[PDB]
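Peer 1: Below is the structure I would like to discuss, written out as structure tokens.
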Amino acid sequence: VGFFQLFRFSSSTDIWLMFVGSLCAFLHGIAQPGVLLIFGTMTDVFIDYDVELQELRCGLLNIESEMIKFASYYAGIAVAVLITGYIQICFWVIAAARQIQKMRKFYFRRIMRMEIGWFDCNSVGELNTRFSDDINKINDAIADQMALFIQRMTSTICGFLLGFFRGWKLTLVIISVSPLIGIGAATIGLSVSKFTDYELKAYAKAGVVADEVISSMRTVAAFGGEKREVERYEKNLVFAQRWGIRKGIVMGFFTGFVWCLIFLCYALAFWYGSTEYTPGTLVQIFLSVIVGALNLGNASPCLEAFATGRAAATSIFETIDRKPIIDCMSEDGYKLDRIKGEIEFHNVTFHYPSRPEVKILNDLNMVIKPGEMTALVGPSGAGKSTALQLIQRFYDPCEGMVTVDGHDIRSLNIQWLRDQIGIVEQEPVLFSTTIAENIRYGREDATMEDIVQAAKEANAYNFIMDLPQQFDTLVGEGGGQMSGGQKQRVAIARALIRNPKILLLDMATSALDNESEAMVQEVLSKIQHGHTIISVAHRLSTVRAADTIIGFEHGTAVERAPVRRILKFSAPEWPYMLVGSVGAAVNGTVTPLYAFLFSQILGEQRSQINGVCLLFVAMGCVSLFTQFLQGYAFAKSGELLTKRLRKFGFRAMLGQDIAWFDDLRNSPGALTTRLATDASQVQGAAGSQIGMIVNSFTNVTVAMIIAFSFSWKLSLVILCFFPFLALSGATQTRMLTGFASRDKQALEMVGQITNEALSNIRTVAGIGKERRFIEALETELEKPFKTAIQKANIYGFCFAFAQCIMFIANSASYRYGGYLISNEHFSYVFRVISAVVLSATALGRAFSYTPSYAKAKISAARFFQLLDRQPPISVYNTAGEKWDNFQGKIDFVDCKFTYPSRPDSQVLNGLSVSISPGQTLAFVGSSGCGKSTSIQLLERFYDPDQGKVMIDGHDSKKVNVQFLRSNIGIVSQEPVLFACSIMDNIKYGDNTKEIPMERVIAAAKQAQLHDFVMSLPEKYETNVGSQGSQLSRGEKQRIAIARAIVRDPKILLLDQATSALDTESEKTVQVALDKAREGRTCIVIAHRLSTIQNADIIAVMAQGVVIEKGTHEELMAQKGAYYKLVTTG
Ligand SMILES: Nc1ncnc2c1ncn2[C@@H]1O[C@H](COP(=O)(O)OP(=O)(O)OP(=O)(O)O)[C@@H](O)[C@H]1O
Ligand SMILES: Nc1ncnc2c1ncn2[C@@H]1O[C@H](COP(=O)(O)OP(=O)(O)OP(=O)(O)O)[C@@H](O)[C@H]1O
Ligand SMILES: [Mg+2]
Ligand SMILES: [Mg+2]
């Protein structure tokens, strides 16, 4: 993008701030040539004073009056430089902050406004990484590097034109060589922009990997994939590291080339242009050479910033200006009144944008009557959810048209249309907030009476009146801190609160027991009179009350100490730090050495020109290598340090226990932005900042050494001032840390909000609350704005104070030197001491690196607190009992457990069941009785408070976690997947070693998956999408079963393994699962009692304790709770 398109979000006030700050930066830049002029005048008057002393009109001119005059001039320029520096830094920072805030708001608005298929083709980790890092880089490009670049540019141009205005026919060569510098700068800018593009692509890939791995923590722990994920992260880390070192190399070459050219150019100029000049003119010429070279060399980080900003803004602008095909927030359309509910299909044909080669809907024709219940039935993959989504205008038909009461869906207002549809998805998804808030997302004006009535109708009221925080308990993120049936009932309430006209049910009772199913069916039967209900069913029991049934057959419808820690951590990069330190030490020493040698050389017949030219060429020659060395070494050290930080952080994050991830302050959004941003913040201080610091320190040290080498009374007076500089630096660091302390909480919260919004676009679109999430993001973003406007003042004032106290020190030195001259050859001593102290004037800019220092401090502190934690269940711990012959005998003895997130609610009350090896147990009961909790305890995701579980006579709390986990096969209530092929998803079962193709094929065959995957254009290579969301839920359950089976585990865990695949007209998957459970210990929990018919032992669990136990015949004969559960349906 164009460099001046980065300001496309500016308003009039922003333009005013930029103009005023730029004027102040121009004055600050021209401050230094005034210093050159006064030094030249002082030299002239010094020689004019000592000529008459050499002699002995004359006697009329003294020294003290002019010395006080010079001191007053240095006081005036110091006041001016303080004012101008403060204004420039402050104003540029405000302008940048306002622009960045506006662009972030616009980016999120445009992303939310997009259509569903675009989200199918784009990963949420990509967008999160962009929103976190690329806009930050854009901000870094235009914040204050812009002002510093302007100041250095005006200082260099004025140092050049000093020779033109004062002096003549000596600056003929800078005009000759400037275009070469221009082309060099342009080419290096293009190169580093390309390298930046590659670097951000690599970091975006790494961000996607981290997001998926962190959001799939239970699965990645169950199947032991930590090593695979750390390697997967490290690959992208290595790629980005290579691009970063290339950037450092090219930049270091640019800086060294600039220095060497400049010095070589002026050496040749002094060689030939000599063929009149007072010594003061020579003095100011030599020092103008240095000011030009130094500021030109120091401008390079600004060029880095601008090119990185353009490269980063490319993709952000491309996303921001895209026009979506289907706009959920557009006004255009029609809003009819008095809808009846008749919806028809007309020869509809559809293919997903992700798989365009598959015809999923093929010439469909169905009619849905008003005020009736119509049930859709068919096998898995028959395109029922596709029609369900096409009704909502999630997509558009390729051919054909679906009408609502005789009107094309495309011709109606999308907001009004979607505000009349009540949807329950196959897997209800809740947002991390209270229960009443989650239910109220259906209708914002819903009162507490409305919420409680919706909960009562949804058969959810009792289980939330049995909670400690009734209606105010946090459901957790994604509703994870909830049971499946409870989550489903909350979703039913959220759907029914709106009182919709088109009520839509996608397996509305999948995770419900028969009693709650009966209650919900009674409510639906009461409601059925008015609204038109469309529900997909797999069982005839719910079909009993449906008026018409439509069958789907493959797309056709037929009716009926952080600093010390960092220093120790960065030990491996010691040689690069050593070489960079040596190079920057030489670079610091060369300047005062030049001042001394030049001042010596001046005080013109023989060999003086040869000496001058030889010195110039030697300095250019040395400076090229040393500047290159400094830049390259420090860039390499920073890159390696950040790579190691990211790798170790991801490893430590993966090594934590499941209760740590259940913390409400440990969300994947927060952890992802933490991992993405802490390393970058540390980089911003561990890069070339250290090289600049050591360069400046070596400069000041050498300058003071050779100042004290001549007269100690003036050098002491000069050294008297530096405590003020140290105090200013410390104060800035203190306030910066104070602000960053809460800046990081604000950043984590905005990251959590944006990830929760992006990851569940389908749910947010279904309920239609697009505005609420954008408003919440803006509200959470408004918090750091005040902090930013407050830190701008601190930064500007500290920078200005340092630069001002330097000139104060110079004026005081002039006054005291005048006193020493008048009171007590001292003119020569003062000349050389002033020369070196002026050559040592620009080293005090140690406040450019300070604003990043506090960020690095806080980030490193938090990183080490995360790194040094000891989990209660350490999966990286190699200590624990192991026995060679495993048998899979499991028994609970008086197991009790309470969730750490809900300490006032005990879930398990003395669980005690036993299983002999080779037997299966069926856990039956109501929803939320702790059935999945026992499985979590078995998988050592948690540990019982009192009581214990024994595996083959070994207490579970002393057996190795990896060893135990290798012997278990688990399927979850809501299985999850990774965004890769079906093949790799199956291969994930055994992560220790590769498994042959034959085993995968066999597992797929026994999982009833081979035919469907054979039907795909890519057989076993098709991408499944993020979380495996680009498949119907039946095939997700089937791939989960295949992945569990492929391990051949001694313990097999089945949690509602037939929830989605429920077509019971054929006895095939039942035989498949029976053969799977053959010959091994299995625990199978299922709310449908026909599939657990043949279990050896059936345990009925109520309120965390087992109340019945036996086989099917004894439990049936006892007429207990099992008889009522069976006979109720
Ligand atoms: N986003 C997507 N990208 C590609 N293919 C998809 C996507 N969503 C669904 N499909 C495919 O569409 C077909 C039917 O999906 P759909 O979810 O409508 O089936 P279904 O009859 O509702 O199944 P189930 O009974 O398992 O819920 C399947 O082949 C599935 O893989
Ligand atoms: N991570 C969690 N943190 C806190 N409470 C939880 C958590 N997971 C579940 N619960 C609660 O513990 C109780 C039992 O949960 P569990 O998931 O074990 O039930 P379940 O018997 O398997 O139910 P269902 O048949 O609905 O799946 C419920 O009240 C549920 O809301
Ligand atoms: Mg479905
Ligand atoms: Mg469960």
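Here's how to read the names in the structure tokens: chain A, B, ... by the order shown, residue numbers from 1 in each chain, ligand numbers from 1 in the order shown.
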Please identify all polymer residues within 9 Å of residue 3 in chain A, counting only C-alpha atoms, omitting same-chain residues fewer than 6 positions from it, and present them as a short mmCIF file (atom, residue, chain, number, x, y, z; two decimals) with C-alpha atoms, in the first residue's frame.

Peer 2:
data_model
loop_
_atom_site.label_atom_id
_atom_site.label_comp_id
_atom_site.auth_asym_id
_atom_site.auth_seq_id
_atom_site.Cartn_x
_atom_site.Cartn_y
_atom_site.Cartn_z
CA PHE A 306 7.50 2.48 7.67
CA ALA A 307 8.12 -0.53 5.45
CA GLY A 309 3.75 -0.76 8.47
CA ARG A 310 2.96 -0.76 4.75
#

Peer 1: Residues within 9 Å of ligand 1, counting only C-alpha atoms and all ligand atoms: report them as a ChimeraX atom specification.

Peer 2: /A:117,120,351-356,358-361,377-389,426,506-507,536-538,552-555,1012,1016,1023-1025,1028-1037,1060-1063

Peer 1: Mind writing the picked residues with C-alpha atoms as an mmCIF file, in the first residue's frame?

Peer 2:
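Dumped everything to out-v2.cif:
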data_model
loop_
_atom_site.group_PDB
_atom_site.id
_atom_site.type_symbol
_atom_site.label_atom_id
_atom_site.label_comp_id
_atom_site.auth_asym_id
_atom_site.auth_seq_id
_atom_site.Cartn_x
_atom_site.Cartn_y
_atom_site.Cartn_z
ATOM 1 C CA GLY A 117 -19.074 -18.850 3.489
ATOM 2 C CA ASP A 120 -15.875 -21.146 6.058
ATOM 3 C CA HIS A 351 -23.008 -26.960 -3.320
ATOM 4 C CA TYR A 352 -20.905 -25.705 -0.430
ATOM 5 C CA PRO A 353 -18.195 -23.143 -1.254
ATOM 6 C CA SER A 354 -15.695 -25.359 0.573
ATOM 7 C CA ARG A 355 -16.504 -28.458 -1.534
ATOM 8 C CA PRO A 356 -17.803 -27.154 -4.883
ATOM 9 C CA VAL A 358 -20.243 -32.202 -4.525
ATOM 10 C CA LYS A 359 -23.938 -31.732 -5.312
ATOM 11 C CA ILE A 360 -25.517 -31.849 -1.860
ATOM 12 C CA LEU A 361 -28.999 -30.562 -2.723
ATOM 13 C CA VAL A 377 -36.107 -37.803 8.460
ATOM 14 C CA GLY A 378 -33.186 -39.423 6.700
ATOM 15 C CA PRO A 379 -29.712 -40.896 7.082
ATOM 16 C CA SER A 380 -26.631 -38.996 8.153
ATOM 17 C CA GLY A 381 -25.345 -36.676 5.450
ATOM 18 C CA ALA A 382 -28.736 -36.503 3.705
ATOM 19 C CA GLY A 383 -28.590 -32.695 3.754
ATOM 20 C CA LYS A 384 -31.059 -31.845 6.513
ATOM 21 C CA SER A 385 -28.899 -29.247 8.265
ATOM 22 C CA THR A 386 -28.088 -27.808 4.830
ATOM 23 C CA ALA A 387 -31.765 -27.091 4.179
ATOM 24 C CA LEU A 388 -32.002 -25.772 7.732
ATOM 25 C CA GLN A 389 -29.188 -23.295 7.035
ATOM 26 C CA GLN A 426 -27.130 -29.568 16.456
ATOM 27 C CA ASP A 506 -32.155 -29.656 14.916
ATOM 28 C CA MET A 507 -32.227 -32.715 17.205
ATOM 29 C CA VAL A 536 -35.416 -33.084 12.182
ATOM 30 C CA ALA A 537 -35.942 -36.432 13.896
ATOM 31 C CA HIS A 538 -34.360 -39.879 13.946
ATOM 32 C CA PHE A 552 -34.360 -37.028 2.700
ATOM 33 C CA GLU A 553 -32.382 -39.359 0.421
ATOM 34 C CA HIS A 554 -29.000 -37.908 -0.634
ATOM 35 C CA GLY A 555 -30.414 -34.485 -1.453
ATOM 36 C CA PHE A 1012 -19.178 -41.901 2.491
ATOM 37 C CA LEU A 1016 -15.832 -37.760 -1.802
ATOM 38 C CA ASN A 1023 -10.176 -31.147 4.722
ATOM 39 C CA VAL A 1024 -12.683 -31.216 7.580
ATOM 40 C CA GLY A 1025 -12.529 -27.510 8.447
ATOM 41 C CA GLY A 1028 -14.435 -30.377 11.883
ATOM 42 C CA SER A 1029 -17.385 -28.061 11.251
ATOM 43 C CA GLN A 1030 -17.510 -28.653 7.476
ATOM 44 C CA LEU A 1031 -19.159 -32.063 7.961
ATOM 45 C CA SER A 1032 -22.515 -33.176 9.246
ATOM 46 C CA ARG A 1033 -22.424 -34.183 12.891
ATOM 47 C CA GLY A 1034 -22.984 -37.861 12.110
ATOM 48 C CA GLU A 1035 -19.714 -38.093 10.203
ATOM 49 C CA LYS A 1036 -17.966 -36.179 12.992
ATOM 50 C CA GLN A 1037 -19.199 -38.798 15.457
ATOM 51 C CA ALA A 1060 -26.023 -37.918 16.012
ATOM 52 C CA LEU A 1061 -26.026 -41.241 14.142
ATOM 53 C CA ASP A 1062 -29.381 -42.591 15.312
ATOM 54 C CA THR A 1063 -30.963 -44.253 12.255
#

Peer 1: For the atom pair CA of residue 302 in chain A and CA of residue 149 in chain A, what is the interatomic distance in Å to one decimal place?

Peer 2: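 Separating CA of residue 302 in chain A from CA of residue 149 in chain A is a distance of 6.1 Å.
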
Peer 1: Using only C-alpha atoms and all ligand atoms, what does the table of chain A residues within 12 Å of ligand 4 look like, with each row giving the shortest atom pair and its distance in Å to one decimal, sorted by chain and ascending number, as JSON lines?

Peer 2:
{"residue": "A:480", "atom": "CA", "partner": "ligand 4", "partner_atom_place_in_ligand_line": "1 (Mg)", "distance": 11.2}
{"residue": "A:481", "atom": "CA", "partner": "ligand 4", "partner_atom_place_in_ligand_line": "1 (Mg)", "distance": 11.5}
{"residue": "A:482", "atom": "CA", "partner": "ligand 4", "partner_atom_place_in_ligand_line": "1 (Mg)", "distance": 9.2}
{"residue": "A:483", "atom": "CA", "partner": "ligand 4", "partner_atom_place_in_ligand_line": "1 (Mg)", "distance": 5.9}
{"residue": "A:484", "atom": "CA", "partner": "ligand 4", "partner_atom_place_in_ligand_line": "1 (Mg)", "distance": 5.8}
{"residue": "A:485", "atom": "CA", "partner": "ligand 4", "partner_atom_place_in_ligand_line": "1 (Mg)", "distance": 7.7}
{"residue": "A:486", "atom": "CA", "partner": "ligand 4", "partner_atom_place_in_ligand_line": "1 (Mg)", "distance": 9.8}
{"residue": "A:487", "atom": "CA", "partner": "ligand 4", "partner_atom_place_in_ligand_line": "1 (Mg)", "distance": 10.7}
{"residue": "A:488", "atom": "CA", "partner": "ligand 4", "partner_atom_place_in_ligand_line": "1 (Mg)", "distance": 11.7}
{"residue": "A:510", "atom": "CA", "partner": "ligand 4", "partner_atom_place_in_ligand_line": "1 (Mg)", "distance": 11.4}
{"residue": "A:511", "atom": "CA", "partner": "ligand 4", "partner_atom_place_in_ligand_line": "1 (Mg)", "distance": 8.0}
{"residue": "A:512", "atom": "CA", "partner": "ligand 4", "partner_atom_place_in_ligand_line": "1 (Mg)", "distance": 9.9}
{"residue": "A:513", "atom": "CA", "partner": "ligand 4", "partner_atom_place_in_ligand_line": "1 (Mg)", "distance": 11.0}
{"residue": "A:923", "atom": "CA", "partner": "ligand 4", "partner_atom_place_in_ligand_line": "1 (Mg)", "distance": 10.2}
{"residue": "A:924", "atom": "CA", "partner": "ligand 4", "partner_atom_place_in_ligand_line": "1 (Mg)", "distance": 10.4}
{"residue": "A:925", "atom": "CA", "partner": "ligand 4", "partner_atom_place_in_ligand_line": "1 (Mg)", "distance": 10.2}
{"residue": "A:926", "atom": "CA", "partner": "ligand 4", "partner_atom_place_in_ligand_line": "1 (Mg)", "distance": 9.9}
{"residue": "A:927", "atom": "CA", "partner": "ligand 4", "partner_atom_place_in_ligand_line": "1 (Mg)", "distance": 7.4}
{"residue": "A:928", "atom": "CA", "partner": "ligand 4", "partner_atom_place_in_ligand_line": "1 (Mg)", "distance": 7.0}
{"residue": "A:929", "atom": "CA", "partner": "ligand 4", "partner_atom_place_in_ligand_line": "1 (Mg)", "distance": 8.3}
{"residue": "A:930", "atom": "CA", "partner": "ligand 4", "partner_atom_place_in_ligand_line": "1 (Mg)", "distance": 7.1}
{"residue": "A:931", "atom": "CA", "partner": "ligand 4", "partner_atom_place_in_ligand_line": "1 (Mg)", "distance": 5.4}
{"residue": "A:932", "atom": "CA", "partner": "ligand 4", "partner_atom_place_in_ligand_line": "1 (Mg)", "distance": 4.2}
{"residue": "A:933", "atom": "CA", "partner": "ligand 4", "partner_atom_place_in_ligand_line": "1 (Mg)", "distance": 7.5}
{"residue": "A:934", "atom": "CA", "partner": "ligand 4", "partner_atom_place_in_ligand_line": "1 (Mg)", "distance": 9.5}
{"residue": "A:935", "atom": "CA", "partner": "ligand 4", "partner_atom_place_in_ligand_line": "1 (Mg)", "distance": 8.9}
{"residue": "A:936", "atom": "CA", "partner": "ligand 4", "partner_atom_place_in_ligand_line": "1 (Mg)", "distance": 10.1}
{"residue": "A:971", "atom": "CA", "partner": "ligand 4", "partner_atom_place_in_ligand_line": "1 (Mg)", "distance": 11.0}
{"residue": "A:972", "atom": "CA", "partner": "ligand 4", "partner_atom_place_in_ligand_line": "1 (Mg)", "distance": 8.2}
{"residue": "A:973", "atom": "CA", "partner": "ligand 4", "partner_atom_place_in_ligand_line": "1 (Mg)", "distance": 5.9}
{"residue": "A:974", "atom": "CA", "partner": "ligand 4", "partner_atom_place_in_ligand_line": "1 (Mg)", "distance": 9.0}
{"residue": "A:975", "atom": "CA", "partner": "ligand 4", "partner_atom_place_in_ligand_line": "1 (Mg)", "distance": 11.8}
{"residue": "A:1053", "atom": "CA", "partner": "ligand 4", "partner_atom_place_in_ligand_line": "1 (Mg)", "distance": 11.9}
{"residue": "A:1054", "atom": "CA", "partner": "ligand 4", "partner_atom_place_in_ligand_line": "1 (Mg)", "distance": 10.2}
{"residue": "A:1055", "atom": "CA", "partner": "ligand 4", "partner_atom_place_in_ligand_line": "1 (Mg)", "distance": 6.6}
{"residue": "A:1056", "atom": "CA", "partner": "ligand 4", "partner_atom_place_in_ligand_line": "1 (Mg)", "distance": 7.5}
{"residue": "A:1057", "atom": "CA", "partner": "ligand 4", "partner_atom_place_in_ligand_line": "1 (Mg)", "distance": 10.9}
{"residue": "A:1059", "atom": "CA", "partner": "ligand 4", "partner_atom_place_in_ligand_line": "1 (Mg)", "distance": 11.3}
{"residue": "A:1084", "atom": "CA", "partner": "ligand 4", "partner_atom_place_in_ligand_line": "1 (Mg)", "distance": 10.9}
{"residue": "A:1085", "atom": "CA", "partner": "ligand 4", "partner_atom_place_in_ligand_line": "1 (Mg)", "distance": 7.8}
{"residue": "A:1086", "atom": "CA", "partner": "ligand 4", "partner_atom_place_in_ligand_line": "1 (Mg)", "distance": 8.7}
{"residue": "A:1087", "atom": "CA", "partner": "ligand 4", "partner_atom_place_in_ligand_line": "1 (Mg)", "distance": 9.4}

Peer 1: Do you know which residues are at most 12 Å from residue 949 in chain A counting only C-alpha atoms, after dropping those on the same chain fewer than 6 positions away, and could you put them as number ranges by chain?

Peer 2: A: 889-897, 910-915, 934-940, 942-943, 955-959

Peer 1: Could you take the residues named above and write them with N, CA and C atoms, as a compact mmCIF listing (two decimals), in the first residue's frame?

Peer 2:
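Full text of out_39.txt as output:
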# COMPACT_ATOMS: atom_id res chain seq x y z
N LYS A 889 -8.77 -53.32 34.98
CA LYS A 889 -9.75 -53.48 36.05
C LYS A 889 -9.88 -52.17 36.80
N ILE A 890 -11.09 -51.62 36.84
CA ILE A 890 -11.33 -50.29 37.39
C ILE A 890 -12.45 -50.38 38.41
N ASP A 891 -12.22 -49.80 39.59
CA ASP A 891 -13.26 -49.70 40.61
C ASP A 891 -13.15 -48.36 41.32
N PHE A 892 -14.30 -47.76 41.61
CA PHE A 892 -14.39 -46.57 42.44
C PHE A 892 -14.69 -46.99 43.88
N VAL A 893 -14.01 -46.36 44.83
CA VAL A 893 -14.31 -46.55 46.25
C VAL A 893 -14.59 -45.18 46.87
N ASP A 894 -15.85 -44.96 47.24
CA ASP A 894 -16.30 -43.77 47.96
C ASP A 894 -15.76 -42.48 47.33
N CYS A 895 -15.90 -42.38 46.02
CA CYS A 895 -15.37 -41.22 45.30
C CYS A 895 -16.26 -40.00 45.52
N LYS A 896 -15.64 -38.89 45.90
CA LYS A 896 -16.32 -37.62 46.06
C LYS A 896 -15.54 -36.54 45.32
N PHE A 897 -16.26 -35.57 44.77
CA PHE A 897 -15.62 -34.56 43.93
C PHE A 897 -16.48 -33.31 43.89
N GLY A 910 -19.98 -40.22 47.09
CA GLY A 910 -19.66 -41.61 47.36
C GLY A 910 -19.95 -42.56 46.22
N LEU A 911 -19.28 -42.37 45.09
CA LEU A 911 -19.41 -43.28 43.97
C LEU A 911 -18.62 -44.56 44.24
N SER A 912 -19.27 -45.71 44.06
CA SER A 912 -18.61 -46.99 44.32
C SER A 912 -19.17 -48.03 43.36
N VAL A 913 -18.49 -48.22 42.22
CA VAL A 913 -18.79 -49.29 41.28
C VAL A 913 -17.47 -49.95 40.90
N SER A 914 -17.57 -51.19 40.43
CA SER A 914 -16.40 -51.96 40.03
C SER A 914 -16.68 -52.67 38.71
N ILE A 915 -15.62 -52.87 37.93
CA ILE A 915 -15.73 -53.53 36.63
C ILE A 915 -14.59 -54.53 36.51
N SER A 934 -17.46 -38.77 36.08
CA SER A 934 -16.75 -39.99 36.41
C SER A 934 -15.73 -40.34 35.34
N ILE A 935 -16.09 -40.11 34.07
CA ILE A 935 -15.16 -40.36 32.97
C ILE A 935 -13.98 -39.41 33.05
N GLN A 936 -14.23 -38.14 33.39
CA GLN A 936 -13.15 -37.18 33.57
C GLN A 936 -12.22 -37.61 34.69
N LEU A 937 -12.79 -38.13 35.79
CA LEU A 937 -11.96 -38.64 36.88
C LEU A 937 -11.12 -39.83 36.42
N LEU A 938 -11.72 -40.72 35.62
CA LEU A 938 -10.99 -41.88 35.12
C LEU A 938 -9.83 -41.45 34.22
N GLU A 939 -10.06 -40.46 33.36
CA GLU A 939 -9.01 -39.96 32.48
C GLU A 939 -8.01 -39.07 33.20
N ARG A 940 -8.14 -38.92 34.52
CA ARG A 940 -7.24 -38.11 35.35
C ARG A 940 -7.22 -36.65 34.90
N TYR A 942 -9.15 -34.72 36.44
CA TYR A 942 -9.24 -34.23 37.81
C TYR A 942 -8.90 -35.37 38.75
N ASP A 943 -8.95 -35.09 40.05
CA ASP A 943 -8.74 -36.11 41.06
C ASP A 943 -9.82 -35.99 42.13
N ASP A 955 -3.52 -47.12 43.00
CA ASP A 955 -4.22 -45.86 43.18
C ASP A 955 -3.91 -44.92 42.02
N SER A 956 -4.95 -44.27 41.50
CA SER A 956 -4.80 -43.46 40.30
C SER A 956 -3.92 -42.24 40.51
N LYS A 957 -3.79 -41.75 41.74
CA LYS A 957 -3.01 -40.55 41.98
C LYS A 957 -1.51 -40.81 42.03
N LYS A 958 -1.08 -42.07 41.96
CA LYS A 958 0.33 -42.39 41.93
C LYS A 958 0.78 -43.06 40.64
N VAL A 959 -0.14 -43.35 39.72
CA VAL A 959 0.20 -43.96 38.44
C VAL A 959 0.53 -42.87 37.44

Peer 1: Give the helix (DSSP H, G or I) residues of range 248-436 of chain A, as DSSP finds them on the backbone, and put them as a ChimeraX atom specification.

Peer 2: /A:248-272,279-298,300-320,384-391,409-411,414-418,435-436

Peer 1: Would you kindly return, as a list in words, each protein, DNA or RNA residue with an atom no farther than 9 Å from any atom of residue 284 in chain A, considering only C-alpha atoms and excluding same-chain residues fewer than 3 positions away?

Peer 2: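 In the requested format, the answer is residues 36, 37, 39, 40, 162, 163, 279, 280, 281, 287, 288 and 289 of chain A.
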
Peer 1: Which neighbours of residue 877 in chain A fall inside 10 Å, counting only C-alpha atoms, when residues of the same chain fewer than 5 positions from it are skipped, and could you give them as a PyMOL selection string?

Peer 2: chain A and resi 655+871+960-962

Peer 1: For residue 979 in chain A, which of A:350, A:1026, A:646, A:1113 is the closest residue, counting only C-alpha atoms?

Peer 2: A:1026

Peer 1: Find the residues near residue 392 in chain A: any atom within 12 Å, counting only C-alpha atoms, skip ones fewer than 6 places away on the same chain, and give them as number ranges by chain.

Peer 2: A: 116, 326, 328, 343, 385-386, 402-404, 409-410, 412-423, 502-504, 762-763, 765-768

Peer 1: Would you list the contacts of residue 849 in chain A as a ChimeraX atom specification, taking every protein, DNA or RNA residue within 8 Å and counting only C-alpha atoms, but skipping same-chain residues closer than 3 positions in sequence?

Peer 2: /A:685,689,846,852-853

Peer 1: Could you jot down the CA of residue 899 in chain A to CA of residue 1103 in chain A separation for me, Å, one decimal place?

Peer 2: 14.6 Å

Peer 1: Looking at A:367, A:17, A:124, A:835, which one is nearest to residue 147 in chain A, with distances taken over only C-alpha atoms?

Peer 2: A:17
